[PDB]
Structures are given as C-alpha cells and as structure tokens.
Amino acid sequence: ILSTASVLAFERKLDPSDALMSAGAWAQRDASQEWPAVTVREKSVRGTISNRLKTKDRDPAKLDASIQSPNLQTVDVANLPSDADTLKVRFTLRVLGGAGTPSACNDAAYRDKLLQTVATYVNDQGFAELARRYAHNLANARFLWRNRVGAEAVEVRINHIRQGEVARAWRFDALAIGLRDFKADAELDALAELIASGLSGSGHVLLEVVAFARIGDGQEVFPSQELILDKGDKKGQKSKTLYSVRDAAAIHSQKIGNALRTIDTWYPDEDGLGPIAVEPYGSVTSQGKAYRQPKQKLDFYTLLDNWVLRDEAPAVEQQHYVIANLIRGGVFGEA
Amino acid sequence: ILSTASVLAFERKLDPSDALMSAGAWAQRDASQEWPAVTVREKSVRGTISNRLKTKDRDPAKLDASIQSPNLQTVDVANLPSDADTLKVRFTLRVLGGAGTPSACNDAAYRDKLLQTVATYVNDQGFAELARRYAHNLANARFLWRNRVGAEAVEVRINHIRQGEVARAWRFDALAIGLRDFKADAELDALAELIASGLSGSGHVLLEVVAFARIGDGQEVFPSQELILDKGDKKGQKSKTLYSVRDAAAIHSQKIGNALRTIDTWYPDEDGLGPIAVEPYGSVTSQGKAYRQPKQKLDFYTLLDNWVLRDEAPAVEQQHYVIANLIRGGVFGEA
Amino acid sequence: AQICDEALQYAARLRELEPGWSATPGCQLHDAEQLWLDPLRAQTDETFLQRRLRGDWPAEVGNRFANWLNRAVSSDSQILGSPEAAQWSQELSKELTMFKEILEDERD
Amino acid sequence: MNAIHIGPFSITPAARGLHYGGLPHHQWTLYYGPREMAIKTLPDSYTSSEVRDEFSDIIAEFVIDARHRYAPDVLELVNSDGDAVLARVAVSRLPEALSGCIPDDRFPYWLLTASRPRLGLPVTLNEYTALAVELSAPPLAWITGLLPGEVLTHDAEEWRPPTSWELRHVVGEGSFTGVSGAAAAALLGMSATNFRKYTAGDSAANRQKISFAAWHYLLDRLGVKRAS
DNA sequence: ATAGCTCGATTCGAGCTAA
DNA sequence: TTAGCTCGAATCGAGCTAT
C-alpha cells in the first residue's frame, strides 16, 4: 500500500556560518579585511511604566508608586564607532547537494519512491528557480535583518572560494534588488547557476558573503539575541544579552539560513507580505500565524503525501515549495 | 470582530546615537574636529552624615560617634581641561519612517485597521507638528540635560549627511529657542520639513548633531550614570560611575531620545511645567507622577483603542500624542 | 523567627572554621557580610580589621537578609495593595530589629 | 521468576542471577514497551508483590509526568475587564475563531486561552455553552498523548487498529484507566473471552484486532476521547 | 444511492482450563 | 482478575451483480 515512513529525518543543504560584525568607513570597504570588530558592551537603561495595566494597576496611587520605583537593568548593546558609519557582516555559505535523500528512513520502499519523486522533479525542472530565489536573498541583505531597515546604501559582495581562493566574484547593490520581487539579472543568473550546481551535486561550491551597510556614525547595530537564565538581582538583571563568539558581535547561523530561506511566495494568502521562509505549516514568527494551514491542504506534509504515496503531483509552485522544504530539512515522519 | 492584538511591538523611529563629550575653547568650534575628549576621572570623596534620621538615631552620642567615622567613597567625575571652557557634545540621529507598522502582531485584522488609522492620520495631518517639535528639541540642547542649566552660551549645529558629506547645515542658538515654546522659524521650518520627509518614508535622513556649551574653565560636566554591583569594600565603595565608550565621557542614547521626545504639551494637567517626554501614561521620573492617567481616559492605550476599535477619533492633539507614541516604539499589548 | 534563628545558628557554626578564611583572594567574597561571617579575623588583624569591626558595628547585614526575604516572598500584588503587606512588613521589621540587636553586641 | 506485567509496563528478570552479600539476587528491569526505564537488583526471596512495589514509585512518577505533559489546554471565560475568571473549561482542541485578543468593554463575556499569549473572541453565554459542549475534554484525555495519532483518528482510511500494547494502556488493572478487561467488555456489550482475545500476547494463536466502531466506542465509554 | 449476492477469512459467544 | 484455548456460528471485506 506504500505507507509513509515513521522516521524521515533530513539533513539541511545551504549551510551558513555565524556572521561576524565589523565596522569601518565607506569608500574604504575595499580594504576592509582589517576592520575592527563590533564589540558587545554594557550600558544602563532606566525605564518607566510603559506596558498595559490589567484594570487593577490603573489606580493613580498604585501607578505613581510604580513610577517611584523604576526598573534598573543593564543591557548588552552593540554600536558602531563614532568615526565609522559602515557595518561589515561576513559569513560563509556551503551548498551541499543531495536534497531528496533522507538521512534516516524506516521504509525502503518509501525511500525509493521519494527518491524517484525528487529525481522526476529535478529532471523536469532542476534546482533553477529555487537557486535563483536563494541567490536573490543572497544578493539583497535579508540576512542583515534589522541593520538593513534604515541603511542608506547596502552593498553585498559574494565570492566563490574554490581552493581557498576567489574563483569568481560578485558585487551587488542590495537596495536596488528589493525584498519583494524575484526578477531576472545576468549576475543573479550566474549566481543562480552556481547555487544550482551546488544543489544538484555537480560540484563543491563555497560562497563567502560580505555585506556592507552605510548606517551612520555611532549608530546602533543589531546582532542576534541570546537567552537569559533570569536568576540575578533585579538591578543587575541583564535583560538583554547579545551574541558574540570572541569579543565580536555575531548573528546566529540559523538566522542567516532563515533569511536565505525566504523564497516562499506561493502560499494561499495574498502577496501583501511577500516572500516567507520555507517552513512546514508556513510559520511566520513575527505575524504569529501560519500561512499554508493543514486545513487548507497546502502545507508541506499533505503535499508530500499526495505527491509521493499516491502520485498526485501538485502545481509546479507547490513542487518548488516541497523541494525547498526538503532542502531546508527536518525531522519529518511520525515520532 | 476586531479585538486588539496580544502582541503589538513597535520599533523605534528617531534612533539616536551615544553622545560623546569633548572639550575646548569657544571660537574654536569651527576647528573643533580634533578636540580632546572629556575623560571620566577617579576622585576620592569624604562626607558627613546629612540624611534625615528616623527619630531613633537622633541621640547626640550616637550622632557624634557616627561623625567620628565618616563614610569614605570613591566616585567617577567628569571635568573640562583647565584651558577649556566649552563642552562639545556630538551624536547622530536617524529618522526612519513607517511608524504605524508594528514589528510584531497577532491579529491581521487589527494590524490592517491600525495601519488604515495611521494612513488616515498621515493623509489628514502629516508628520508636520511632530517634526516641528522634534526639530525644536533638537535645536535647543535639551539633550544637554545638566550641561546647559548654567551655561553662558549654548550653540548647536545640525548637519545633513548623504555621502559622508554635509548636504545642508543648520546653525542655532539654543538659548534663544527656549525649553517652553514651540514657535516658528524658517530654519526650524526647513529642519522640520527634513524630519517630516524622514518620518514619511520619502527619503533617507541622517543628521549629526553637535552642541557647544560655554560652561567655564575646568567646570564639571554630567554624563550618563551607570550602576554598580557593589561587590567591593566599604572604603573604596565606588558609589558613582559614569558612562563612557572608549575613555570618553558619554551620554546614553536613550537619554538623548527621551530629551528629543519632550514634545507632549497636551496632557490634561496644566502646561505651566511645559513639555514632557512622549510615553504611555505620561510618567515623568522627575516629578514622580503620571500626567495622562488612565482614569481621565487620556493615556495612550485608551486613546488608541477608541481610535482604532470604536473609530472614535480623539482631538488632533491627542492623536498627535498617539502617533508620537507610535514613533517612539514600544512593547504595547498585554496578554 | 525560625529563619532568623537558623541564620544565627549558621553563623555560630561558621564560627568554628579557620580564623582567617575571609582574607582569601577572590573577586566575589561578600566583604560587606564578611565582617559578621568571621568574627575571629579580628584576633590576627589587630589593626587591619579589628577596629573597623568594632567602630562600624555592621547592621546592614540585617538589611541584606531582609532584601533576600523580600526576594523569597511571593510576588502577590493583592497583598501589596491591601494592609496584609503592611502587617507582614511590620512583623518583618520587628524580627529584623531583634536580629540586628543580636548582631549589635558581637564585640563583647 | 517470571515477568510481571503492569498495564503497558513489564518487569522482566535477568536469566542468570548473582549473589549480593550472601543471598541470591536477580536484576529486575522495568520497560515501557521498548523503553527501558529502571533496573533493580532484588533478592530471590521477594514475591511478585514486593518486586511490583519496588517499581511502583517509578510507575507513579511516569503517570504524573504523562498527566502533566499531555494535559488538555484550558479555555477561560472572563468579564470585560479580563481579570476575573468566571468559568474554566478544558478542551480537546481550540475553537477555529481564536485570534490574538485583549478583552474590551464592548462585550461583557470573553473566552480566552490559559496560555500566556492569550487567544480569544467575544462570546455569549449561549455560544460559550455550545463551544464547551462540543469541545470539552474527557477526564482521561491525557492518555491520548501516549497513543499514536493513527489509532486516535476518526478517518477510517487513515486508521490503524491498536496493538495489544496500545490496548493495555487503557484496559487492565495496571493500566491508566484502572478498569478491568471484563469491565471493558461489559462497556462494549462483548463477551469477556472475545475481549481477552484482543489483549492477547504475541505468544498466542488466537488474536483479534478491534474494529473502528468498537475501539472508538471504548474510548468514549472509558472517558479518553469523544466524551466531552 | 438502493438492493442483494457469494466466498473465504476473521470475528464472536459460551463453554472450558490455568493461575 | 489475568491469560489463554476449541468449536461451531455469525460476521466481515471485496469481489461481483441488479435497478
């Protein structure tokens, strides 16, 4: 009857590293190899009562008493130097290949059927649309999450590191290439073919991606935020902790991977939001909602079950979504 | 059914940088590019008991014995050089735009209704009065909190930066523009138009803000104060530490932002105090009280709920206050 | 009262340790409470810390333990608004002033 | 001796013994299906009751952790202020109209989740009564978290009959419901021998697989699913 | 959707043992 | 209450039909 496998673990393609933040001045970014790193430091914040009150704390005496005892805490803060207006963020990306092959599979017949399904996809249309959209999210600085919202000029440089050396160099204007449209461009097409060769398994590709953002002198930059155990004293609370590896502000690799993953424009709801990350049940953390609900028969699992088990191939857009979710990887199958 | 969302986080507009202190001589402001920075310095203080006693410590023998052992403390102090009477305080400000769009939300219907409300406001009354008041708080050195309370002359310069170069420069006398009146001036009108273009999303607005205050030769300046974990002894208590980034006395960016938000002249109490910082429940730390109590229905939350849900648009002043609260950002929205 | 009695007992059983454990190196060693934790350091330090402990008479240790108890009580706003927190603070003040009077005459 | 079966659990002894002190001993290991839970070295003079009492505490803490892990999510009926809870209902699933909500004064009654980011909608007492009737959770709904989703589905084309081990979660005296096999057969209007044929071990020639309607009616009558 | 059939496999009840 | 077991009888699924 060819039921689905209980264990369907997949390994991820498109492996990014931690993205390190350094700082410097515009028009000296061609010699940015020795730019000083952005350092996460401590500052003190004093806050008032600015949250909603539950109809019992709205008493004027209680509210004023809460004012007389403000919350004192220290926060991890990352800022550019006062003589530097450009933020440099550098990471390396490795594209593996072999997306349709699971890392663990209970059923051999289901494994073979899934391999035939993915091979039929690649033979019909290869990793060309998906790689083009991944190259688009590389060209624009979407991995530069909050450091791009107010940057005046953003430039992304992507190199192909073959034997430890730049075999091919790309330079992009990350603001001309927006965060909404997946258009066509010759350099975007070349990077798309490179990522396609990586995803198909034709050759080994390693991409060094460097983004420069002209934000301003001494302006705040935004690395990834860590978890606080919340055990110390209230005055030295450490309400905000920033991610660094060796005294250098950094962005988590999975955040970079999530920003590169933002290629899903095929979800049933409208195009007002634009692309979203290719996740099962189309989850967006900021909106707190799930596009591609399982009730709407457009999530990853129902589409994969219809495509593989019972040969109901969906539309080519949903096929792109399914293959991008297999590239994304995850612990599929019933636990 | 349009209920308000449980998360309504907003990102801040008008992002200020940390304001660095350097010192020098008046009439050298045009050559103040390489002024020496004001350095936080260590000094030892010894004082007698001066606090109020609780009627049980008023024993003359015990009071005299306490005076026999006065408290010993070390504190951080910031002073000008002896051959320098002018304080230079420099920071940068980014005006972003897109105030009514939340960064995190649950309900899509609430988000759409709130965006429609903000668009209706911007169409009917654009970012003009708010930009005028922000330009006023930028042209009077209110961000020089205790550094202009007794200065002979305060002079602030505003520059507009596109390519690392000044696009247009503003020269202001911060004592002529008082801390009380939001008047009209042609240079102030031009700066307000620039702030309006920044807040409307029309273009990029980056401003460096340099303020010169003639205080006196070797006088004390007042940077931002940090917190002490108090893990030392009772002789070197370290009862006061001051904020600095790299051996240079500095003011916290949130303090500059609080000084820039002091535009709220519409609170129900009498405005003889003057403008206050825009914030929910109008809670000023200096007086320890809350103008715009939720009981008088003039706080940010009740006005926003009535404007968006019930479509009860408040007075134009109150909606100016609400949009200023959207500009400052917040973590609005309880469970 | 039982918590404060157990605190006094715990200091009394730390009194049987080495006389100069408070002088060991360390970034965090609770120097404010080390005056009360090790009375016996005054014997070896005739002029370094004996006169400081005699003249200072550290009673802020009671304040720190009261802050610890405030951290150890349930964060109920209903009690804080009502007079229940007033009675609790009054009985806490009585127990802490008794505890401070216990720590007052430690130099005898 | 012989293996002790307590519902889904099994205490099997080691084949070879040992001597601790001067007395013979065997290692008794506790299982939950294929998951080994604990091993104890016990004297050979213990009876089955003492061996079972040795693992009763581990079984009890497993039961407590299973009740707390798979507890049904709770909906709360609040007033316009959103502070006072008027009624609490535990539901097997949430209403599809739940969105991010803070109660207003436009509606007197609001139904909200007990989760910290609260989801809800304005509700009348009639609508709240209807939702509580058609969404309530049975008192032993936590046992469904210990069972796979392919035996608890109402879709007959996606349904698989439960195995003997999955049956013993709810049918035995050492099970999580505490009813006997004869009581379970009386609930289904079935002979006790025919129902024993359902929970027969693998070392048996007469084994029967329970049907869709019988299994789901058993779950209804046991208070595990579809009982509100 | 109604209405009904055959045929081999599975279930079912009421005896029984076994503990 | 657990844990099974025959033995004939009724039921079950999946093939076909008919109307």
Side-chain angles (χ1 to χ4, degrees), chain A residues 25-27 39 41-55 57-60 63-70 72-75 77 79-82 85-86 146 149-153 175 214-220 222 232-233 235-237 269 272-273 285-289, chain B residues 5-7 9 11 15-20 90-98 102-108 111 161-164 204 206 208 224-227 229 243 245-246 248 252-255 277 279-281 283-285 288-290 293-295 299-301 330-335:
Chain A
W26 205 262
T39 51
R41 56 168 213 292
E42 301 217 49
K43 82 179 176 182
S44 296
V45 295
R46 211 194 164 174
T48 61
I49 301 299
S50 179
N51 304 297
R52 293 187 184 253
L53 310 173
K54 49 180 68 201
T55 314
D57 309 333
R58 298 184 198 200
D59 280 304
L63 181 57
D64 287 5
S66 311
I67 297 169
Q68 314 289 2
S69 83
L72 277 296
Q73 79 255 23
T74 72
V75 293
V77 59
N79 296 114
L80 297 171
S82 54
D85 58 345
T86 304
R146 209 190 156 179
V149 65
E152 172 172 17
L175 295 180
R214 187 174 224 172
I215 301 168
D217 298 66
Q219 285 306 131
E220 183 160 345
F222 307 97
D233 57 336
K235 302 290 107 175
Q237 190 63 81
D269 282 325
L273 179 52
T285 312
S286 58
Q287 318 281 33
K289 75 158 307 188
Chain B
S6 309
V7 298
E11 281 175 6
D15 302 79
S17 170
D18 287 331
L20 295 187
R90 171 182 178 271
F91 65 96
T92 65
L93 182 76
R94 280 193 309 157
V95 178
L96 291 188
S103 75
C105 198
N106 296 132
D107 214 355
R111 186 193 154 101
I161 296 90
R162 298 291 183 184
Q163 318 286 328
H204 183 73
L206 172 68
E208 74 169 359
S224 280
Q225 189 172 342
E226 295 263 41
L227 282 72
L229 305 175
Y243 181 66
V245 296
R246 293 179 293 173
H252 285 148
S253 67
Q254 70 267 19
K255 180 164 262 277
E279 49 205 346
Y281 313 132
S283 67
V284 179
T285 58
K289 78 188 298 293
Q293 288 277 338
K295 186 180 289 293
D299 47 329
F300 162 70
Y301 289 117
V331 186
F332 316 117
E334 195 65 29

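Numbered from 1 within each chain, the chains take letters A, B, ... in sequence-line order.
With a threshold of 4.5 angstrom between heavy atoms, B/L96 approaches chain A through side-chain atoms but not through N, CA, C or O. Contact of B/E226 with chain A is made through backbone and side chain together, with heavy-atom distances under 4.5 Å. If you measure heavy-atom distances from A/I215 to chain B, the contacts under 4.5 Å come from both the backbone and the side chain. Within the 4.5 angstrom heavy-atom criterion, no atom of B/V7 approaches chain A. At a 4.5 Å heavy-atom cutoff, the contact between B/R111 and chain A is made by side-chain atoms alone. Interface remark: A/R58 contributes backbone and side-chain atoms alike to the contact with chain B (heavy atom separation under 4.5 Å). Looking at A/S82, both its backbone and its side chain come within 4.5 Å of chain B, counting heavy atoms on both sides. Residue contact with chain A, scored on non-hydrogen atoms closer than 4.5 Å, is absent for B/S224.
Two residues are said to be in side-chain contact when any heavy atoms from C-beta on lie closer than 4.5 Å; A/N79 and B/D18 meet this criterion. Between B/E208 and A/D217, every side-chain heavy-atom pair lies at or beyond the 4.5 Å cut-off. Taking 4.5 Å as the limit, every side-chain heavy atom of A/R46 sits out of range of all side-chain heavy atoms of B/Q254. When side chains are defined from C-beta on, A/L63 counts as touching B/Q293, because their heavy atoms get closer than 4.5 Å.
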B/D15 and A/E220: side chain to side chain contact (heavy atoms under 4.5 Å, CB included), yes or no, with the steps? CA-CA 8 Å; B/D15 302 79; A/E220 183 160 345; over 6 Å; no

Under the side chain to side chain contact (heavy atoms under 4.5 Å, CB included) rule, what do B/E334 and A/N51 come out as? Steps first, then yes or no, please. CA-CA 7 Å; B/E334 195 65 29; A/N51 304 297; 4.2 Å; yes

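Note: A/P60 leads A/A27, A/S66, A/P60 in heavy-atom pairs under 4.5 Å with chain B. Contact count against chain A (heavy-atom pairs under 4.5 Å) is highest for B/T92 among B/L20, B/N106, B/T92. Of the listed residues (B/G97, B/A5, B/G333, B/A248), the greatest number of heavy-atom pairs within a distance under 4.5 Å of chain A belongs to B/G333. Between chain A and the options B/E279, B/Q163, B/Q225, B/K295, heavy-atom pairs under 4.5 Å are most frequent for B/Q163. With chain A as partner, the option from B/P280, B/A104, B/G288 having the largest number of non-hydrogen pairs under 4.5 angstrom is B/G288. The candidate with the highest count of non-hydrogen atom pairs below 4.5 Å against chain B, out of A/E152, A/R146, A/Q287, A/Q68, is A/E152. When the candidates A/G218, A/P81, A/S50, A/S286 are compared by the number of heavy-atom contacts under 4.5 Å with chain B, A/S50 comes out ahead.
Here the straight-line distance linking atom CD of A/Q237 with atom CG of B/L227 works out to 12.0 Å at 0.5 Å rounding. Here the straight-line distance linking atom CD1 of A/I67 with atom OH of B/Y281 works out to 10.5 Å at 0.5 Å rounding. The NZ atom of A/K235 sits 12.5 Å away from atom CG of B/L229, with the distance rounded to the nearest 0.5 Å.
Residue B/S17 comes nearest to A/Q219 through the heavy atom pair CB-OE1, 3.6 Å, listed as atom of the first residue, atom of the second, then distance. Between A/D64 and B/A290, the shortest heavy-atom distance links the atoms OD1-N, 3.4 Å.
B/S253 and A/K43 form a side-chain donor-acceptor contact under 3.5 Å, judged by distance and modelled atom types alone.
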